[PDB]
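Asker: Input my_file_31.pdb, format and content: PDB, C-alpha atoms.
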ATOM      1  CA  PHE A   1       8.053  -7.980 -13.084  1.00  0.00           C
ATOM      2  CA  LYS A   2       7.229 -10.934 -15.288  1.00  0.00           C
ATOM      3  CA  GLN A   3       5.675 -10.143 -18.642  1.00  0.00           C
ATOM      4  CA  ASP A   4       3.889 -12.620 -20.898  1.00  0.00           C
ATOM      5  CA  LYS A   5       4.225 -11.080 -24.368  1.00  0.00           C
ATOM      6  CA  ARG A   6       7.051  -8.632 -25.149  1.00  0.00           C
ATOM      7  CA  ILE A   7       5.735  -5.145 -24.436  1.00  0.00           C
ATOM      8  CA  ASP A   8       6.895  -1.846 -25.884  1.00  0.00           C
ATOM      9  CA  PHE A   9       5.663   1.445 -24.447  1.00  0.00           C
ATOM     10  CA  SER A  10       6.541   4.791 -26.024  1.00  0.00           C
ATOM     11  CA  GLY A  11       5.025   6.961 -23.274  1.00  0.00           C
ATOM     12  CA  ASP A  12       7.642   5.589 -20.879  1.00  0.00           C
ATOM     13  CA  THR A  13      10.594   6.094 -23.265  1.00  0.00           C
ATOM     14  CA  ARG A  14      13.048   8.828 -22.204  1.00  0.00           C
ATOM     15  CA  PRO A  15      15.797  10.808 -23.999  1.00  0.00           C
ATOM     16  CA  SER A  16      19.218   9.111 -23.967  1.00  0.00           C
ATOM     17  CA  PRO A  17      21.304  11.514 -21.799  1.00  0.00           C
ATOM     18  CA  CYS A  18      18.190  12.608 -19.792  1.00  0.00           C
ATOM     19  CA  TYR A  19      19.685  14.932 -17.133  1.00  0.00           C
ATOM     20  CA  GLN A  20      16.516  16.976 -16.436  1.00  0.00           C
ATOM     21  CA  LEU A  21      14.667  16.117 -13.189  1.00  0.00           C
ATOM     22  CA  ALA A  22      11.092  16.880 -14.263  1.00  0.00           C
ATOM     23  CA  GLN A  23      11.588  14.355 -17.060  1.00  0.00           C
ATOM     24  CA  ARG A  24      11.824  11.710 -14.344  1.00  0.00           C
ATOM     25  CA  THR A  25       8.578  11.857 -12.383  1.00  0.00           C
ATOM     26  CA  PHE A  26       6.958   8.616 -11.458  1.00  0.00           C
ATOM     27  CA  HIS A  27       4.072   6.805  -9.878  1.00  0.00           C
ATOM     28  CA  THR A  28       4.510   3.051  -9.621  1.00  0.00           C
ATOM     29  CA  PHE A  29       0.733   2.999  -9.289  1.00  0.00           C
ATOM     30  CA  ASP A  30      -0.056   4.521 -12.725  1.00  0.00           C
ATOM     31  CA  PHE A  31       2.774   2.593 -14.393  1.00  0.00           C
ATOM     32  CA  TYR A  32       1.405  -0.706 -13.095  1.00  0.00           C
ATOM     33  CA  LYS A  33      -2.124   0.401 -14.112  1.00  0.00           C
ATOM     34  CA  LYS A  34      -0.859   0.850 -17.684  1.00  0.00           C
ATOM     35  CA  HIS A  35       0.832  -2.551 -17.956  1.00  0.00           C
ATOM     36  CA  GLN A  36      -1.197  -4.452 -15.331  1.00  0.00           C
ATOM     37  CA  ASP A  37      -2.521  -7.480 -17.243  1.00  0.00           C
ATOM     38  CA  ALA A  38       0.862  -8.498 -18.684  1.00  0.00           C
ATOM     39  CA  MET A  39       2.906  -7.509 -15.629  1.00  0.00           C
ATOM     40  CA  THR A  40       3.277  -9.543 -12.397  1.00  0.00           C
ATOM     41  CA  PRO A  41       5.506  -8.187  -9.571  1.00  0.00           C
ATOM     42  CA  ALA A  42       8.310 -10.589  -8.572  1.00  0.00           C
ATOM     43  CA  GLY A  43      11.535  -9.581  -6.790  1.00  0.00           C
ATOM     44  CA  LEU A  44      12.249  -6.865  -4.220  1.00  0.00           C
ATOM     45  CA  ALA A  45      15.575  -5.417  -2.965  1.00  0.00           C
ATOM     46  CA  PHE A  46      15.929  -1.971  -1.325  1.00  0.00           C
ATOM     47  CA  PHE A  47      18.802   0.127   0.090  1.00  0.00           C
ATOM     48  CA  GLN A  48      18.881   3.196   2.348  1.00  0.00           C
ATOM     49  CA  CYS A  49      21.190   6.096   1.467  1.00  0.00           C
ATOM     50  CA  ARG A  50      22.085   9.532   2.911  1.00  0.00           C
ATOM     51  CA  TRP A  51      24.015  12.614   1.726  1.00  0.00           C
ATOM     52  CA  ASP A  52      27.684  12.147   0.883  1.00  0.00           C
ATOM     53  CA  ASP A  53      30.472  14.233  -0.702  1.00  0.00           C
ATOM     54  CA  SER A  54      29.952  13.070  -4.315  1.00  0.00           C
TER      55      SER A  54
ATOM     56  CA  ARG B   1       4.927 -18.283  32.821  1.00  0.00           C
ATOM     57  CA  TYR B   2       3.091 -15.281  34.146  1.00  0.00           C
ATOM     58  CA  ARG B   3       4.932 -13.097  31.630  1.00  0.00           C
ATOM     59  CA  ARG B   4       3.867 -15.337  28.715  1.00  0.00           C
ATOM     60  CA  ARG B   5       0.201 -15.560  29.706  1.00  0.00           C
ATOM     61  CA  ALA B   6       0.222 -11.804  30.221  1.00  0.00           C
ATOM     62  CA  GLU B   7       1.432 -11.039  26.674  1.00  0.00           C
ATOM     63  CA  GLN B   8      -1.035 -13.617  25.291  1.00  0.00           C
ATOM     64  CA  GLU B   9      -3.786 -11.596  26.923  1.00  0.00           C
ATOM     65  CA  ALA B  10      -2.349  -8.261  25.781  1.00  0.00           C
ATOM     66  CA  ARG B  11      -2.590  -9.442  22.143  1.00  0.00           C
ATOM     67  CA  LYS B  12      -6.340 -10.303  22.162  1.00  0.00           C
ATOM     68  CA  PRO B  13      -8.922  -7.636  21.126  1.00  0.00           C
ATOM     69  CA  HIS B  14     -10.661  -6.685  24.433  1.00  0.00           C
ATOM     70  CA  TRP B  15     -13.999  -4.840  24.608  1.00  0.00           C
ATOM     71  CA  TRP B  16     -12.670  -1.913  26.690  1.00  0.00           C
ATOM     72  CA  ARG B  17     -10.302   0.996  25.900  1.00  0.00           C
ATOM     73  CA  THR B  18      -6.847  -0.493  25.416  1.00  0.00           C
ATOM     74  CA  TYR B  19      -3.280   0.525  24.497  1.00  0.00           C
ATOM     75  CA  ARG B  20      -3.515  -0.830  20.961  1.00  0.00           C
ATOM     76  CA  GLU B  21      -6.632   1.224  20.265  1.00  0.00           C
ATOM     77  CA  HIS B  22      -5.237   4.708  20.869  1.00  0.00           C
ATOM     78  CA  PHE B  23      -1.674   4.132  19.695  1.00  0.00           C
ATOM     79  CA  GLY B  24      -2.022   3.670  15.978  1.00  0.00           C
ATOM     80  CA  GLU B  25      -1.695   0.015  15.078  1.00  0.00           C
ATOM     81  CA  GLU B  26      -1.390   1.035  11.389  1.00  0.00           C
ATOM     82  CA  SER B  27      -5.115   0.514  10.696  1.00  0.00           C
ATOM     83  CA  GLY B  28      -5.116  -2.796  12.571  1.00  0.00           C
ATOM     84  CA  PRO B  29      -7.010  -5.276  10.364  1.00  0.00           C
ATOM     85  CA  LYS B  30      -6.471  -4.669   6.645  1.00  0.00           C
ATOM     86  CA  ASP B  31      -7.807  -6.853   3.848  1.00  0.00           C
ATOM     87  CA  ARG B  32      -4.802  -7.371   1.639  1.00  0.00           C
ATOM     88  CA  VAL B  33      -4.791  -6.840  -2.063  1.00  0.00           C
ATOM     89  CA  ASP B  34      -2.311  -9.530  -2.912  1.00  0.00           C
ATOM     90  CA  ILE B  35      -0.686  -9.283  -6.279  1.00  0.00           C
ATOM     91  CA  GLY B  36       1.644 -12.241  -6.095  1.00  0.00           C
ATOM     92  CA  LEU B  37       3.507 -14.721  -8.128  1.00  0.00           C
ATOM     93  CA  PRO B  38       1.369 -17.785  -7.287  1.00  0.00           C
ATOM     94  CA  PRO B  39       2.535 -19.911  -4.292  1.00  0.00           C
ATOM     95  CA  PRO B  40       5.031 -22.677  -5.244  1.00  0.00           C
ATOM     96  CA  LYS B  41       3.302 -26.078  -5.469  1.00  0.00           C
ATOM     97  CA  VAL B  42       4.648 -28.730  -3.078  1.00  0.00           C
ATOM     98  CA  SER B  43       3.470 -32.073  -1.660  1.00  0.00           C
ATOM     99  CA  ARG B  44       3.781 -32.042   2.153  1.00  0.00           C
ATOM    100  CA  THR B  45       4.115 -35.755   2.942  1.00  0.00           C
ATOM    101  CA  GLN B  46       7.323 -35.911   0.884  1.00  0.00           C
ATOM    102  CA  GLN B  47       8.799 -32.935   2.757  1.00  0.00           C
ATOM    103  CA  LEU B  48       7.766 -34.295   6.177  1.00  0.00           C
ATOM    104  CA  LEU B  49       9.280 -37.713   5.506  1.00  0.00           C
ATOM    105  CA  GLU B  50      12.532 -36.433   3.955  1.00  0.00           C
ATOM    106  CA  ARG B  51      12.923 -34.081   6.924  1.00  0.00           C
ATOM    107  CA  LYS B  52      12.223 -36.812   9.511  1.00  0.00           C
ATOM    108  CA  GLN B  53      14.886 -38.935   7.826  1.00  0.00           C
ATOM    109  CA  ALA B  54      17.380 -36.063   7.598  1.00  0.00           C
TER     110      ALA B  54
ATOM    111  CA  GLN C   1     -53.099  46.161  17.515  1.00  0.00           C
ATOM    112  CA  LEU C   2     -49.880  47.582  16.083  1.00  0.00           C
ATOM    113  CA  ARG C   3     -47.410  45.984  18.489  1.00  0.00           C
ATOM    114  CA  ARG C   4     -49.298  42.656  18.412  1.00  0.00           C
ATOM    115  CA  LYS C   5     -49.090  42.580  14.616  1.00  0.00           C
ATOM    116  CA  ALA C   6     -45.351  43.183  15.083  1.00  0.00           C
ATOM    117  CA  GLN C   7     -44.758  40.353  17.522  1.00  0.00           C
ATOM    118  CA  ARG C   8     -47.050  37.833  15.789  1.00  0.00           C
ATOM    119  CA  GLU C   9     -44.931  38.469  12.728  1.00  0.00           C
ATOM    120  CA  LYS C  10     -41.790  37.806  14.813  1.00  0.00           C
ATOM    121  CA  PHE C  11     -43.252  34.456  15.869  1.00  0.00           C
ATOM    122  CA  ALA C  12     -44.134  33.477  12.286  1.00  0.00           C
ATOM    123  CA  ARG C  13     -40.691  34.476  10.996  1.00  0.00           C
ATOM    124  CA  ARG C  14     -39.136  32.219  13.617  1.00  0.00           C
ATOM    125  CA  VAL C  15     -41.408  29.204  12.890  1.00  0.00           C
ATOM    126  CA  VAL C  16     -40.379  29.449   9.249  1.00  0.00           C
ATOM    127  CA  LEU C  17     -36.687  29.778  10.216  1.00  0.00           C
ATOM    128  CA  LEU C  18     -36.705  26.723  12.472  1.00  0.00           C
ATOM    129  CA  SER C  19     -38.699  24.488  10.135  1.00  0.00           C
ATOM    130  CA  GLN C  20     -36.442  25.421   7.226  1.00  0.00           C
ATOM    131  CA  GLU C  21     -33.268  24.734   9.257  1.00  0.00           C
ATOM    132  CA  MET C  22     -34.574  21.348  10.323  1.00  0.00           C
ATOM    133  CA  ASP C  23     -35.346  20.310   6.738  1.00  0.00           C
ATOM    134  CA  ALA C  24     -31.911  21.600   5.713  1.00  0.00           C
ATOM    135  CA  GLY C  25     -30.325  19.550   8.489  1.00  0.00           C
ATOM    136  CA  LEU C  26     -32.020  16.337   7.372  1.00  0.00           C
ATOM    137  CA  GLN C  27     -31.139  16.973   3.720  1.00  0.00           C
ATOM    138  CA  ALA C  28     -27.507  17.466   4.754  1.00  0.00           C
ATOM    139  CA  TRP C  29     -27.363  14.188   6.719  1.00  0.00           C
ATOM    140  CA  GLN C  30     -28.930  12.119   3.923  1.00  0.00           C
ATOM    141  CA  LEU C  31     -26.507  13.690   1.435  1.00  0.00           C
ATOM    142  CA  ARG C  32     -23.564  12.789   3.668  1.00  0.00           C
ATOM    143  CA  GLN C  33     -24.749   9.162   3.933  1.00  0.00           C
ATOM    144  CA  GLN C  34     -25.231   8.711   0.170  1.00  0.00           C
ATOM    145  CA  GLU C  35     -21.768  10.137  -0.363  1.00  0.00           C
ATOM    146  CA  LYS C  36     -20.365   7.611   2.132  1.00  0.00           C
ATOM    147  CA  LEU C  37     -22.068   4.636   0.433  1.00  0.00           C
ATOM    148  CA  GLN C  38     -20.586   6.006  -2.808  1.00  0.00           C
ATOM    149  CA  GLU C  39     -17.028   6.178  -1.394  1.00  0.00           C
ATOM    150  CA  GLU C  40     -17.399   2.502  -0.512  1.00  0.00           C
ATOM    151  CA  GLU C  41     -17.781   1.721  -4.248  1.00  0.00           C
ATOM    152  CA  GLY C  42     -15.059   4.222  -5.171  1.00  0.00           C
ATOM    153  CA  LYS C  43     -12.860   1.812  -3.212  1.00  0.00           C
ATOM    154  CA  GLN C  44     -13.765  -1.000  -5.650  1.00  0.00           C
ATOM    155  CA  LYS C  45     -13.190   1.321  -8.623  1.00  0.00           C
ATOM    156  CA  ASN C  46      -9.657   2.214  -7.514  1.00  0.00           C
ATOM    157  CA  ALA C  47      -8.414  -1.212  -6.311  1.00  0.00           C
ATOM    158  CA  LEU C  48      -5.638  -3.212  -8.034  1.00  0.00           C
ATOM    159  CA  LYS C  49      -6.375  -6.730  -9.393  1.00  0.00           C
ATOM    160  CA  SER C  50      -5.239  -9.690  -7.292  1.00  0.00           C
ATOM    161  CA  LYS C  51      -3.036 -12.014  -9.334  1.00  0.00           C
ATOM    162  CA  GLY C  52      -3.002 -14.564  -6.532  1.00  0.00           C
ATOM    163  CA  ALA C  53      -4.967 -17.588  -7.703  1.00  0.00           C
ATOM    164  CA  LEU C  54      -5.238 -21.206  -6.547  1.00  0.00           C
TER     165      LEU C  54
ATOM    166  CA  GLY D   1      -2.693  -0.868  -0.732  1.00  0.00           C
ATOM    167  CA  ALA D   2      -1.135  -3.935  -2.123  1.00  0.00           C
ATOM    168  CA  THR D   3       1.223  -6.666  -0.963  1.00  0.00           C
ATOM    169  CA  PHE D   4       3.368  -8.735  -3.296  1.00  0.00           C
ATOM    170  CA  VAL D   5       5.290 -11.664  -1.894  1.00  0.00           C
ATOM    171  CA  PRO D   6       8.887 -11.602  -3.193  1.00  0.00           C
ATOM    172  CA  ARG D   7       9.027 -15.057  -4.825  1.00  0.00           C
ATOM    173  CA  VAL D   8      12.177 -14.648  -6.924  1.00  0.00           C
ATOM    174  CA  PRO D   9      15.672 -14.027  -5.376  1.00  0.00           C
ATOM    175  CA  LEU D  10      17.191 -10.679  -6.469  1.00  0.00           C
ATOM    176  CA  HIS D  11      20.900  -9.884  -6.146  1.00  0.00           C
ATOM    177  CA  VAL D  12      21.839  -6.238  -6.807  1.00  0.00           C
ATOM    178  CA  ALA D  13      25.511  -5.227  -6.512  1.00  0.00           C
ATOM    179  CA  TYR D  14      27.671  -2.110  -6.986  1.00  0.00           C
ATOM    180  CA  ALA D  15      31.367  -2.392  -7.874  1.00  0.00           C
ATOM    181  CA  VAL D  16      33.428  -0.179  -5.544  1.00  0.00           C
ATOM    182  CA  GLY D  17      36.759  -1.346  -6.912  1.00  0.00           C
ATOM    183  CA  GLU D  18      38.328  -3.978  -9.142  1.00  0.00           C
ATOM    184  CA  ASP D  19      38.103  -6.588  -6.363  1.00  0.00           C
ATOM    185  CA  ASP D  20      35.359  -5.008  -4.224  1.00  0.00           C
ATOM    186  CA  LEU D  21      31.672  -5.735  -4.386  1.00  0.00           C
ATOM    187  CA  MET D  22      29.062  -3.853  -2.385  1.00  0.00           C
ATOM    188  CA  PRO D  23      25.887  -5.933  -1.906  1.00  0.00           C
ATOM    189  CA  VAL D  24      22.418  -4.360  -1.791  1.00  0.00           C
ATOM    190  CA  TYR D  25      20.383  -6.175   0.830  1.00  0.00           C
ATOM    191  CA  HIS D  26      16.853  -5.160   1.622  1.00  0.00           C
ATOM    192  CA  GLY D  27      17.246  -2.587   4.435  1.00  0.00           C
ATOM    193  CA  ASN D  28      21.022  -1.985   4.236  1.00  0.00           C
ATOM    194  CA  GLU D  29      22.778   1.432   4.234  1.00  0.00           C
ATOM    195  CA  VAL D  30      24.812   2.377   1.120  1.00  0.00           C
ATOM    196  CA  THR D  31      26.829   5.535   0.182  1.00  0.00           C
ATOM    197  CA  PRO D  32      26.197   7.612  -3.022  1.00  0.00           C
ATOM    198  CA  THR D  33      29.869   6.987  -3.869  1.00  0.00           C
ATOM    199  CA  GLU D  34      29.258   3.294  -4.591  1.00  0.00           C
ATOM    200  CA  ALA D  35      26.042   4.209  -6.404  1.00  0.00           C
ATOM    201  CA  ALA D  36      27.929   6.540  -8.794  1.00  0.00           C
ATOM    202  CA  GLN D  37      28.292   3.508 -11.095  1.00  0.00           C
ATOM    203  CA  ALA D  38      25.749   1.126 -12.630  1.00  0.00           C
ATOM    204  CA  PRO D  39      24.858  -2.087 -10.681  1.00  0.00           C
ATOM    205  CA  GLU D  40      24.954  -5.768 -11.761  1.00  0.00           C
ATOM    206  CA  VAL D  41      22.012  -8.131 -11.215  1.00  0.00           C
ATOM    207  CA  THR D  42      21.661 -11.866 -10.541  1.00  0.00           C
ATOM    208  CA  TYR D  43      18.498 -13.979 -10.678  1.00  0.00           C
ATOM    209  CA  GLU D  44      17.801 -17.281 -12.439  1.00  0.00           C
ATOM    210  CA  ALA D  45      15.483 -18.082 -15.340  1.00  0.00           C
ATOM    211  CA  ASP D  46      15.686 -20.280 -18.476  1.00  0.00           C
ATOM    212  CA  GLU D  47      14.958 -18.696 -21.821  1.00  0.00           C
ATOM    213  CA  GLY D  48      11.307 -18.483 -22.485  1.00  0.00           C
ATOM    214  CA  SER D  49      11.666 -15.569 -20.141  1.00  0.00           C
ATOM    215  CA  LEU D  50      10.489 -11.957 -20.318  1.00  0.00           C
ATOM    216  CA  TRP D  51      11.406  -9.510 -17.536  1.00  0.00           C
ATOM    217  CA  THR D  52      11.162  -5.843 -16.540  1.00  0.00           C
ATOM    218  CA  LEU D  53      13.350  -4.327 -13.797  1.00  0.00           C
ATOM    219  CA  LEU D  54      12.983  -0.989 -11.976  1.00  0.00           C
ATOM    220  CA  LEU D  55      14.960   1.213  -9.591  1.00  0.00           C
TER     221      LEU D  55
END
Give the structure from the file, written as structure tokens.
Answerer:
Amino acid sequence: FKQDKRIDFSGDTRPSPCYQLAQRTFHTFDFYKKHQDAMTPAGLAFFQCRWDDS
Amino acid sequence: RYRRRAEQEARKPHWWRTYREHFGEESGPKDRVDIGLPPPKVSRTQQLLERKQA
Amino acid sequence: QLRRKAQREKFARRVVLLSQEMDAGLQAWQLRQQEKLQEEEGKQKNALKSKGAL
Amino acid sequence: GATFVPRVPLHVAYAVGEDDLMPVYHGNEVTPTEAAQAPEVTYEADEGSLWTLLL
């Protein structure tokens, strides 16, 4: 995303080690609602992954 | 030639029950909400000429 | 007299039942339509802003 | 509902060894082993720039 003015958002900030799964719960929709005016979507790259030993 | 004309016909929206209708074309027509980075500005005559020469 | 009073009452009961169910039917349809017209605007309320501009 | 056209080139890569680079292309299959480490990113902008990236 491109942003116009530097944005800081405390609601999005997470603890440093952050192992817990419920701490990471996301909706791109709501996130982009929050920052919409300053944020314009730009690049896209995606990869497909399946279970492995690690 | 027959093959081509055939597919051309198969792509047009006929007024009778058709394959496309029952098989889930993913909504068919959708009016896109486009959140883009604005289309890169280019003069076409320059491109055309440079390409012809290349 | 007795049995006629009984059956006339049956007839009345049923006129009231039918009329009431017809009015209830029409109310229900109108309600459904207004709700539909309202969902159409709910679409506008939810939509993301297009950042594509000429 | 929404479509964004991917204007800017995005190169995401995982290092699988000292000499070995695993590319992430749109649509490719990658193993959790190579994703056990943090990726490196390449795209080009001068500095007036302000960016936010997400995985």
Asker: Do a neighbour search on residue 34 in chain B at 8 Å with all atoms listed in the file, toss out local chain neighbours closer than 5 positions, and write the hits as a JSON list (two decimals) with C-alpha atoms, in the coordinates of the input.
Answerer:
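Printed below is selection_4.json as written:
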[["chain", "number", "residue", "atom", "x", "y", "z"],
["C", 50, "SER", "CA", -5.24, -9.69, -7.29],
["C", 51, "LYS", "CA", -3.04, -12.01, -9.33],
["C", 52, "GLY", "CA", -3.00, -14.56, -6.53],
["D", 2, "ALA", "CA", -1.14, -3.94, -2.12],
["D", 3, "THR", "CA", 1.22, -6.67, -0.96],
["D", 4, "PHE", "CA", 3.37, -8.74, -3.30],
["D", 5, "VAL", "CA", 5.29, -11.66, -1.89]]
Asker: Expressed in Å to a single decimal, how great is the separation between CA of residue 29 in chain A and CA of residue 54 in chain D?
Answerer: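 One can read the CA of residue 29 in chain A to CA of residue 54 in chain D distance as 13.2 Å.
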Asker: Choose the residue, out of A:28, A:14, A:3, A:19, that has the smallest atom-to-atom separation from residue 42 in chain A; count only C-alpha atoms.
Answerer: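 Closest residue, counting only C-alpha atoms: A:3.
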Asker: Can you tell me which residues surround residue 39 in chain A at a distance of at most 12 Å, considering only C-alpha atoms, apart from same-chain residues fewer than 2 positions away, and format the answer as a ChimeraX atom specification?
Answerer: /A:1-7,31-37,41-42 /B:35-37 /C:49-51 /D:50-53
Asker: With distances taken over all atoms listed in the file, which residue among A:54, A:40, A:16, A:48 lies nearest residue 25 in chain D?
Answerer: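 The shortest atom-to-atom distance to residue 25 in chain D comes from A:48.
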Asker: One decimal, in Å: what's the spacing between CA of residue 37 in chain C and CA of residue 15 in chain B?
Answerer: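 For CA of residue 37 in chain C relative to CA of residue 15 in chain B, the distance reads 27.2 Å.
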Asker: Which value, in Å to one decimal, gives the distance between CA of residue 12 in chain A and CA of residue 44 in chain C?
Answerer: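 Computing the Euclidean distance for CA of residue 12 in chain A and CA of residue 44 in chain C yields 27.1 Å.
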Asker: Excluding residue 29 in chain D and any residue of its chain fewer than 5 positions from it, enumerate the residues within 9 Å of it, using all atoms listed in the file, and give them as a PyMOL selection string.
Answerer: (chain A and resi 47-50) or (chain D and resi 24)
Asker: Quick one: which residues end up in the PyMOL selection byres ((chain D and resi 39-41) around 6) for this structure, as a PyMOL selection string?
Answerer: chain D and resi 11-14+38+42
Asker: Between D:15, D:55, D:22, D:8, which is the closest to chain B once you count only C-alpha atoms?
Answerer: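 For chain B, the nearest of the candidates is D:8.
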